[PDB]
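What's counted below: heavy atoms across the whole structure, side chains too, no hydrogens, waters or symmetry copies. Order of the sequence lines sets the chain letters (A, B, ...), proteins ahead of strands, with each chain counted from 1.
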Amino acid sequence: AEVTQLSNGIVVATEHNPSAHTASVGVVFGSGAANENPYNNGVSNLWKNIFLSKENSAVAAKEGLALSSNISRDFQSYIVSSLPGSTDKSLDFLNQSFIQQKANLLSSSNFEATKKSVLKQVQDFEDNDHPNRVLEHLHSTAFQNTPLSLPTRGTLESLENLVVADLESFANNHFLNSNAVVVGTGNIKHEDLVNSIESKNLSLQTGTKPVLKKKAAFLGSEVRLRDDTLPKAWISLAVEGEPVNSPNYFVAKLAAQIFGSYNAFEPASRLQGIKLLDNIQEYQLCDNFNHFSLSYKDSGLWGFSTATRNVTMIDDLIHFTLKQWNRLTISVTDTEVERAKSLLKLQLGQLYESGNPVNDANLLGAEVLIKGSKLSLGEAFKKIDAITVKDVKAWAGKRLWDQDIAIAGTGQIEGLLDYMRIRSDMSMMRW
Amino acid sequence: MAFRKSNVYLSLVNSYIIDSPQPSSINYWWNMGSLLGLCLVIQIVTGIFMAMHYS
Amino acid sequence: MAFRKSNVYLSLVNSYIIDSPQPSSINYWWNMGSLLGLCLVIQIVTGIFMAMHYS
Amino acid sequence: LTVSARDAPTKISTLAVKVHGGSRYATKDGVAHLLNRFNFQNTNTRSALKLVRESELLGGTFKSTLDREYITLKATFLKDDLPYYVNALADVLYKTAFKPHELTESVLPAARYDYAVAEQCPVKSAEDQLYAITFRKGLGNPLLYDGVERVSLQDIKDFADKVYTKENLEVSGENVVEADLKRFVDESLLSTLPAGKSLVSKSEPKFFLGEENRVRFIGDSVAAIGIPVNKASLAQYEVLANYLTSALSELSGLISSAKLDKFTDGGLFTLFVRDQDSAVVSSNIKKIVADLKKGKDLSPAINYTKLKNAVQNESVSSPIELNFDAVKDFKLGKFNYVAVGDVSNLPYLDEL
Amino acid sequence: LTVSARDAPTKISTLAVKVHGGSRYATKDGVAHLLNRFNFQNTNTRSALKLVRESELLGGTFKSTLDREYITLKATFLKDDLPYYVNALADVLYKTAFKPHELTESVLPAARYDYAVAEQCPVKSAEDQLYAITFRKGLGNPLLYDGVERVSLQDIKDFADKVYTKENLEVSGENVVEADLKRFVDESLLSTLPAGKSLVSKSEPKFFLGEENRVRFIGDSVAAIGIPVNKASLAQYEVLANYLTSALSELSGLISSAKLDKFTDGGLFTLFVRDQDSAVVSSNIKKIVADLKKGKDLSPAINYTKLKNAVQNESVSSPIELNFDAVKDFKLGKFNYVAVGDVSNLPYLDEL
Amino acid sequence: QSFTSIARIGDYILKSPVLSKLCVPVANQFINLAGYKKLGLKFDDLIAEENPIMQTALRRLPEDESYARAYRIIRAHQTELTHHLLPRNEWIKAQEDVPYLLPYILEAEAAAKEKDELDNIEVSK
Amino acid sequence: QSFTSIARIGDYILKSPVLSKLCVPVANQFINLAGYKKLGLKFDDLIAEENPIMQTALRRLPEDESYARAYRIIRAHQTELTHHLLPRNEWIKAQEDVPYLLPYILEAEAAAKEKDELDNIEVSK
Ligand SMILES: CCCCCCCCCCC(=O)OC[C@H](COP(=O)(O)OC[C@H](O)COP(=O)(O)OC[C@@H](COC(=O)CC)OC(=O)CCC)OC(=O)CCC
Ligand SMILES: CCCCCCCCCCC(=O)OC[C@H](COP(=O)(O)OC[C@H](O)COP(=O)(O)OC[C@@H](COC(=O)CC)OC(=O)CCC)OC(=O)CCC
Ligand code: HEM
Ligand code: HEM
Ligand code: HEM
Ligand SMILES: CCCCCCCCCCCCCCC(=O)O[C@H](COC(=O)CCCCCCCCCCCC)COP(=O)(O)O
Ligand SMILES: CCCCCCCCCCCCCCCCCC(=O)O[C@H](COC(=O)CCCCCC)COP(=O)(O)OCCN
Ligand SMILES: CCCCCCCCCCCCCCCCCC(=O)O[C@H](COC(=O)CCCCCC)COP(=O)(O)OCCN
Ligand SMILES: CCCCCCCCCCCO[C@@H]1O[C@H](CO)[C@@H](O[C@H]2O[C@H](CO)[C@@H](O)[C@H](O)[C@H]2O)[C@H](O)[C@H]1O
């Protein structure tokens with residue numbers, strides 16, 4: 001992970017990789033679902049889909065280019081992939097699609113079909129993707145009536161009320177130069193991509209700043225979507241976590257790594273050095289779980305998600321997990337922190353250094369849009385190696401011990417007890 | 001499982017006084033039973049202590 | 001299901017005194033327990049009746 | 001004992017020990033599956049538990065994957081700990097314990113799960129069928145263990161003996177210093193392994209055409225076609241799969257999936273049509289076969305297939321490249337077909 | 001509205017109502033099974049419970065068998081109570097309640113059971129497979145309901161209207177006086193039934209040859225072959241079946257079962273080889289085919305098959321009788337084949 | 001008391017113009033005073049269910065109405081625990097206070113009655 | 001006391017010609033006086049099984065030996081309740097009194113101790 005960034009109005013950032021074999025060029029905006037309203041919610045997912053439209057994709061396919069678009073909470077990306085030399089043609093397609101096709105892609109035939117696609121797409125997700133649907137409701141109840149609560153794909157209600165005018169108004173306010181970063185990852189060199197950008201000119205949609213509003217706030221609450229027809233109980237629970245640029249960003253991630261992820265069906269997963277495993281395998285409290293330390297611009301979420309068929313012992317699953325979390329404040333051991341350090345590094349490694357250029361493009365853009373430059377692993381590893389048991393305890397003492405929680409769940413959740421019973425387990429009795 | 005559920009004695013306490021599923025809407029009239037339990041205990045305790053000085 | 005197993009009260013009698021699975025080889029030394037139960041009842045009953053004439 | 005690697009200045013490395021022991025080499029249905037599920041269990045000197053606990057402290061994980069061709073023992077870790085992971089993978093191939101209780105407590109349950117997940121997806125059933133009718137005992141072997149043919153612990157140990165040999169494997173390092181990797185491999189038990197005989201056949205396998213098999217299934221119905229491809233004729237089938245899947249073909253929105261499985265002695269082009277209702281699967285595959293009979297391509301999908309095929313960064317043993325710079329047309333001769341699901345209302349080969 | 005009867009001075013009689021609505025006529029997979037399973041449930045004026053308790057006090061029982069051709073409502077009872085049973089069966093055809101709860105509480109579970117029993121017998125999976133491959137939707141329909149194609153309560157009622165018509169059924173009596181039978185039948189709700197058509201086809205069904213299907217299965221392996229037969233050619237196949245299932249053939253001990261399913265528009269000859277291990281199955285099926293391809297008969301089993309065909313005195317309208325005195329030689333031409341079980345180790349039609 | 005019995009007496013009154021003009025008004029008054037509609041419940045939701053006839057009926061009730069019943073019950077316990085009533089626009093209206101379960105109950109009752117009679121039939125030789 | 005500990009002590013004695021000849025004769029007499037063989041039991045049948053180790057060991061025991069262990073136990077309980085011993089020819093013989101379960105118990109224990117050591121590994125920086 002090595003960065004290089006320059007500017008001339010349009011901020012350009014790249015990251016060379018001599019052993020790439022391909023290259024990805026694109027634009028990333030510092031506005032995602034958290035920059036939408038409860039009524040135009042889904043407008044970004046809508047943009048993503050028209051950019052990947054059938055027509056637009058053919059025009060790129062003939063050019064030997066592959067398209068990619070990712071909608072998140074804080075950022076939004078549109079990336080083009082090609083061979084290392086065809087990079088000059090990728091920028092032409094980008095310039096063509098976002099500085100000329102302001103009405104090409106927004107035709108009544110293309111739009112109504114795309115709208116129809118994302119509509120069925122989202123209907124399916126809400127209908128069958130239980131673990132992600134639950135996790136989305138977790139964000140929805142935790143940050144309710146606040147920016148961070150809106151689902152990245154949007155709601156079926158506001159999705160079907162959208163018109164080309166909604167797409168345009170969003171573009172006019174967010175697809176601006178001051179809210180973007182041109183990204184180039186793969187094998188291409190920095191002092192070469194900027195030239196092709198300087199080769200052209202104009203300034204259509206510039207000078208203007210994006211809009212502002214209220215900041216994300218965590219609220220202790222819950223949303224229960226009971227469905228007895230499903231074969232499992234899917235739940236997600238979390239406390240208010242850390243925002244990107246928080247002093248405890250790495251400490252929180254190390255804490256999540258301590259409890260990690262688990263798949264009851266994979267032999268090696270059952271053997272991990274996570275004390276919680278000794279409590280949940282006796283009666284097989286779940287099929288799987290995974291801890292997380294989600295971080296965004298305004299706030300974060302630290303917690304876990306689980307899936308279980310043991311619908312009569314959900315109280316034990318929750319009880320044991322939260323009881324292990326208490327340990328982070330009062331008894332986490334040195335070895336537990338050292339095992340977490342090793343594995344956090346490993347995960348940060350697989351994330352920041354995959355052989356995939358589109359992954360690096362999204363990470364580069366989204367990061368420079370906040371801190372001004374992507375963080376190197378070498379520095380990340382140094383901060384991770386410096387984390388002490390005390391750091392973890394001090395952190396747990398403020399974000400975990402006797403703190404409000406956000407819960408969401410669907411399926412056979414009758415066995416999931418009331419809020420207070422769950423909230424109580426966030427601390428222990430003592431003299 | 002939790003010790004309160006696995007222990008032979010605690011599981012009884014757990015089923016009757018802790019995890020016992022109550023209708024969400026029972027009003028104060030349903031508090032009379034616990035009150036009768038208190039009465040019995042009050043009556044027995046005071047009676048025994050008086051019994052020590054009675055003929 | 002037999003009434004002795006279905007009824008709330010008799011099911012306790014049945015699991016402890018009727019259908020309780022006992023090891024086939026326990027010898028007479030395992031008869032002391034029941035004998036201790038008999039002893040307690042003998043003490044309580046004879047005691048209550050004497051208590052009626054005691055000062 | 002081929003040992004390749006490609007260095008870089010990163011924090012993470014990847015170690016892979018490719019073994020030509022995929023389902024294609026399975027002596028009994030599912031033994032290759034069981035052997036794959038047996039990797040990383042107890043070794044005569046280090047237990048599965050110790051391996052996981054120690055590797056976690058170091059900063060790495062292990063995994064064993066099953067292909068129709070290989071059994072890959074991969075390991076991801078922190079660059080400077082290479083020897084440990086080279087020795088770890090070595091011990092697996094050399095001294096795996098194969099305890100009877102591991103087969104019943106871990107291996108079989110894991111294989112049951114693999115089969116359970118796979119059985120719910122009809123395209124995977126369709127794919128097993130395609131292979132089984134086009135080829136009939138090598139490449140046509142079932143990919144997973146299903147118990148129709150009982151496999152003993154002994155059979156697993158025998159397949160281990162037949163498959164884990166110096167001549168039948170490649171040690172691929174990614175983001176690793178090749179000089180050191182070659183040194184550690186020789187120093188490890190990898191080189192102490194009995195030199196065997198590479199099971200890889202140079203000659204093209206026998207194949208069949210115009211074959212059909214129907215499988216009744218509750219759920220989504222699927223109509224699929226499979227076509228055996230020559231070693232030299234595979235470059236065109238590769239761009240065909242990318243064409244049929246890209247925005248360059250009007251019938252791409254009519255097909256769920258289409259790919260070309262590439263082996264050193266040939267390949268199999270697979271095209272699947274999956275949908276909730278049979279009426280739709282019928283009209284689609286019907287329109288697909290009809291339109292393919294009209295030999296067309298022109299090759300506007302040549303620079304696209306080049307880009308798509310270039311996304312093989314992790315693969316350190318990819319087939320022939322230069323072939324793409326040619327062939328512009330595709331016809332459609334004889335092929336193999338399978339119907340999964342609402343069979344009673346799916347097309348037969350006769351009417352396609 | 002056919003009505004026949006053969007009397008005798010017995011104590012017991014047996015009424016039968018042959019309806020041409022077996023699996024061959026099923027508009028949806030298993031719909032014939034479900035209707036057959038719905039018979040004897042509540043009628044609009046008499047409950048299943050009332051029927052059973054009442055008939056028990058009289059001394060009679062009911063039953064509804066499903067065939068590949070028929071759905072037969074049959075009654076066995078004390079002779080003198082004839083009108084009661086004539087009406088009971090009449091009421092079933094004319095006014096079965098078809099309550100939604102009966103479908104979920106009694107019918108679906110019973111069909112689930114029927115399927116469960118048959119699912120464990122591989123020769124039945126083969127018999128279904130045979131019919132399917134030689135008559136692609138005619139008599140080739142699945143015999144039982146398996147849920148691959150959903151059948152609603154309405155689909156069952158629709159099928160009841162399509163099949164329960166006067167011109168589509170044959171009332172039959174045994175140990176019954178034909179005079180009273182016809183009288184009671186005309187006097188019953190049978191005559192009030194709408195007289196629809198009669199899907200009983202005269203023209204020979206479209207058949208297929210050289211077809212094969214393979215199904216993986218846990219348990220015994222079974223290799224079977226099917227042969228479509230003419231409305232005239234079915235005489236030699238009747239003796240063929242008996243010849244192969246008698247001491248006259250030096251290969252009767254090599255085959256599990258062999259028979260000729262007869263219909264008015266033709267028939268299907270089926271031969272099955274079933275055994276625990278695939279190797280035994282393979283040897284037999286090969287030896288059977290080779291010896292039949294090198295055809296031989298000469299009718300030393302004409303008198304035998306004449307006896308066996310006669311020990312079937314229940315069909316008051318069975319096929320051609322005296323057709324035995326004709327043809328005597330036989331040679332195995334083209335046929336259809338299915339492999340059930342350890343498929344990866346069973347013969348392909350290719351090597352037969 | 002069985003619903004068959006209730007229905008028999010009720011139908012008789014409902015068919016009689018004289019009784020019907022006299023009773024029904026009093027009954028309408030009774031139901032409004034009862035107040036269950038203010039809690040969002042339909043009368044059939046009030047029937048004690050801990051007996052075989054009701055379990056049979058509730059089993060046979062179509063999926064969609066069953067989910068609807070569950071909601072009205074849950075919503076009612078919640079409203080009752082807060083000591084409030086639902087806003088008027090959520091009260092069950094007379095048009096909505098339909099005997100949806102009744103037919104299933106009468107059907108179950110008739111079947112049990114027949115089964116009881118058949119279990120105790122006498123025979124006359 | 002663990003079997004690992006028992007085996008360590010017994011092996012030391014067994015490997016020492018001095019203790020071996022002084023201790024073994026005592027142990028042979030102890031076992032014969034114990035009388036479990038007169039009831040048809042092998043010593044390994046006597047091991048109290050209500051603990052984790054024994055359960056994993058008993059689960060891992062091959063079917064054939066498990067059916068035989070089952071029989072020896074049932075046979076023993078029956079003989080014991082009749083207050084008799086088995087006929088002479090049915091007594092377990094010294095050569096039949098083999099430690100069939102020991103290897104399984106030792107395997108389970110070694111695995112359990114390792115897990116205990118790994119659950120508490122300390123890390124030296
Ligand atoms: C001589 C020997 C006497 C010994 C007996 C002593 C114990 C008496 C028990 C009283 C009882 O059972 O009455 C129950 C009724 C039913 O009531 P409900 O429908 O369930 O309540 C709704 C609450 O306001 C919810 O409200 P809440 O939020 O729970 O607080 C309720 C209230 C409870 O007060 C009590 O102590 C209950 C009697 O607290 C207050 O606001 C009072 C502040 C001064 O409560 C009443 O209506 C009381 C009148 C009879
Ligand atoms: C002391 C003051 C207060 C206590 C008063 C109550 C005394 C009861 C306590 C005694 C006790 O528990 O003794 C147990 C022993 C163990 O015995 P075992 O190995 O299980 O028996 C095999 C049976 O003969 C089987 O034979 P059986 O068919 O059951 O008949 C047994 C015997 C039982 O006699 C008794 O009353 C039981 C003690 O009946 C007879 O034939 C003899 C009648 C005198 O019984 C003995 O024989 C004692 C041996 C030292
Ligand atoms: C359900 C429990 C009990 C009830 C309802 C009960 C009721 C009574 C009543 C009504 C009296 C007379 C009160 C008076 O006017 O002075 C009384 C007296 C007495 N009770 Fe109880 N009693 C109970 C339990 C006990 C117990 C367990 C004991 C014995 C250990 C006991 C010992 C006495 C004594 C010593 C008196 C005489 C002193 C006195 O007058 O209070 N009582 N009891
Ligand atoms: C009033 C006092 C007691 C009563 C009524 C009682 C009753 C019983 C009963 C009914 C049994 C089962 C049958 C039997 O084994 O005899 C039993 C078992 C047992 N009791 Fe007690 N007991 C009493 C006191 C004690 C004492 C003082 C001890 C020990 C300090 C004790 C230890 C045991 C044990 C360990 C068992 C299980 C024996 C076995 O199954 O091997 N009991 N008792
Ligand atoms: C269940 C265990 C009991 C035991 C072990 C027990 C034991 C004793 C003993 C050792 C004595 C002295 C006997 C003597 O030498 O005279 C005694 C006396 C007495 N006990 Fe108990 N007792 C028991 C229960 C009861 C109960 C429930 C009562 C009820 C009030 C009671 C009432 C008496 C009375 C009134 C006396 C004095 C008269 C006498 O000497 O027997 N006992 N008890
Ligand atoms: C026979 C029946 C007689 C009495 C029936 C009445 C039932 C109520 C018993 C009260 C026990 C309360 C324990 C709460 C607990 O353990 O939660 C503990 C918290 O306990 C507390 O905060 C202590 C508050 C003071 C309790 C008041 C004592 C009551 C006075 C006794 C009078 C009764 C005769 C769990 O707390 P946490 O969930 O927030 O982590
Ligand atoms: C009128 C009485 C009606 C009878 C109902 C009885 C209900 C009892 C209600 C009160 C429960 C409070 C005491 C329970 C103690 C819980 C701790 C426990 O059981 O630890 C026990 C050990 O306890 C002892 O040694 C002494 C118990 C003495 C109890 C004195 C009252 C641990 O037992 P454990 O469940 O862990 O066993 C595991 C399997 N080897
Ligand atoms: C310190 C106490 C320790 C634990 C106490 C429990 C020990 C139980 C010992 C008692 C044995 C006597 C049981 C007789 C009751 C059996 C009949 C029965 O329960 O019929 C009951 C009705 O009982 C009554 O009305 C009176 C209760 C009797 C009170 C006795 C003092 C019928 O109840 P049923 O089980 O049939 O419910 C299903 C039918 N719809
Ligand atoms: C039978 C009659 C006898 C009555 C005796 C009265 C008993 C009083 C017990 C009082 C306090 O007991 C005390 O309760 C508080 C919760 O309220 C516990 O607090 C615990 O939960 C609270 C949250 O609610 C956390 O903030 C706290 O960090 C945690 O320790 C505390 O650790 C315990 O020590």
Side-chain angles (χ1 to χ4, degrees), chain D residues 344-345, chain E residues 1-3 15-52 62-75 85-115 137-139 141-172 185 188-201, chain F residues 60 107:
Chain D
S344 201
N345 303 99
Chain E
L1 205 284
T2 310
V3 180
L15 215 311
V17 177
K18 291 270 184 190
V19 183
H20 286 269
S23 50
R24 182 228 280 270
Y25 305 106
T27 88
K28 263 163 164 290
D29 284 3
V31 83
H33 183 8
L34 299 181
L35 177 64
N36 177 249
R37 224 59 251 234
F38 232 122
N39 289 161
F40 298 116
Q41 283 293 149
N42 288 350
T43 73
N44 289 335
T45 65
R46 168 130 64 37
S47 72
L49 180 70
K50 172 81 161 181
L51 178 57
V52 172
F62 299 92
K63 190 52 198 173
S64 182
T65 308
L66 171 80
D67 280 331
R68 195 75 68 159
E69 224 277 316
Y70 291 111
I71 281 187
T72 304
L73 292 76
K74 182 180 167 187
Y85 299 87
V86 171
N87 289 152
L89 296 190
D91 290 15
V92 183
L93 295 171
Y94 190 80
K95 57 193 205 300
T96 281
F98 294 112
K99 286 279 184 292
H101 69 255
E102 305 191 85
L103 172 64
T104 53
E105 286 168 35
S106 300
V107 183
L108 279 179
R112 229 72 188 104
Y113 155 66
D114 292 329
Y115 179 74
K137 197 186 274 288
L139 328 85
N141 285 338
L143 178 70
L144 306 177
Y145 173 71
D146 68 347
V148 303
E149 200 185 3
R150 330 302 138 107
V151 179
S152 68
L153 207 235
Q154 185 59 47
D155 291 340
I156 302 181
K157 278 182 294 191
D158 284 338
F159 190 63
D161 290 335
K162 168 184 174 185
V163 184
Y164 290 166
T165 59
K166 294 203 293 184
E167 305 301 286
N168 203 35
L169 60 87
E170 283 100 64
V171 178
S172 171
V185 173
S188 76
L189 284 173
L190 261 331
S191 69
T192 313
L193 269 176
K197 302 170 187 176
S198 179
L199 222 173
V200 193
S201 187
Chain F
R60 266 110 96 139
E107 185 178 31

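- E/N141 and E/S23 share no donor-acceptor pair across their side chains, judged by distance under 3.5 Å alone.
- The closest side-chain heavy-atom distance from E/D155 to E/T27 is not below 4.5 Å.
- Taking the six-membered ring for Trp and the full ring otherwise, the centers of E/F62 and E/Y85 sit less than 6.0 Å from each other.
- Not one N or O on the side chain of E/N42 forms a donor-acceptor pair closer than 3.5 Å with the backbone of E/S47.
- For the pair E/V171/E/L15, a side-chain contact is recorded, criterion being any heavy-atom separation below 4.5 Å from C-beta on.
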Hey, can you pull the donor-acceptor pairs under 3.5 Å for the side chains in residues 86-94 of chain E, sequence neighbours left out?
{"residue": "E/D91", "atom": "OD1", "partner": "E/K95", "partner atom": "NZ", "Å": "3.4"}
{"residue": "E/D91", "atom": "OD2", "partner": "E/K95", "partner atom": "NZ", "Å": "2.9"}

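- We find the CG-CG distance between E/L108 and E/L103 to be 4.0 Å, quoted to the nearest 0.5 Å.
- Between the side chain of E/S188 and the backbone N or O of E/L190 there is at least one donor-acceptor pair closer than 3.5 Å.
- To the nearest 0.5 Å, atoms CG (E/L1) and CD (E/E170) are separated by 9.5 Å.
- Annotation: side chain of E/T2 is not in contact with side chain of E/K18 (no heavy-atom distance under 4.5 Å).
- Classification of the E/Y70-E/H20 ring pair by plane angle, with boundaries at 30° and 60°, yields tilted.
- Rounding to the nearest 0.5 Å gives a distance of 7.5 Å between CG of E/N36 and CG of E/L73.
- Side chains of E/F159 and E/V151 form no contact here, defined as non-hydrogen atoms less than 4.5 Å apart.
- Contact check for E/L153 versus E/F38: side-chain heavy atoms found under the 4.5 Å cut-off.
- Residues satisfying the side chain to side chain donor-acceptor pair (under 3.5 Å) criterion with E/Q41, sequence neighbours excluded, are E/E102.
- When side chains are defined from C-beta on, E/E69 does not count as touching E/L139, because their heavy atoms never get closer than 4.5 Å.
- Under the 3.5 Å distance criterion, the side-chain polar atoms of E/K137 are matched with a main-chain donor or acceptor of D/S344.
- Using a 4.5 Å heavy-atom threshold, the side chains of E/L144 and E/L66 count as touching.
- Between E/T45 and E/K50 the shortest side-chain heavy-atom distance does not fall below 4.5 Å.
- Under the rule for a side chain to side chain contact (heavy atoms under 4.5 Å, CB included), the partners of E/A195 that lie at least two apart in sequence or sit in another chain are E/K166, E/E167.
- Within 6.0 Å of NZ in E/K162 there are more than 12 heavy atoms belonging to other residues, nucleotides or ligands.
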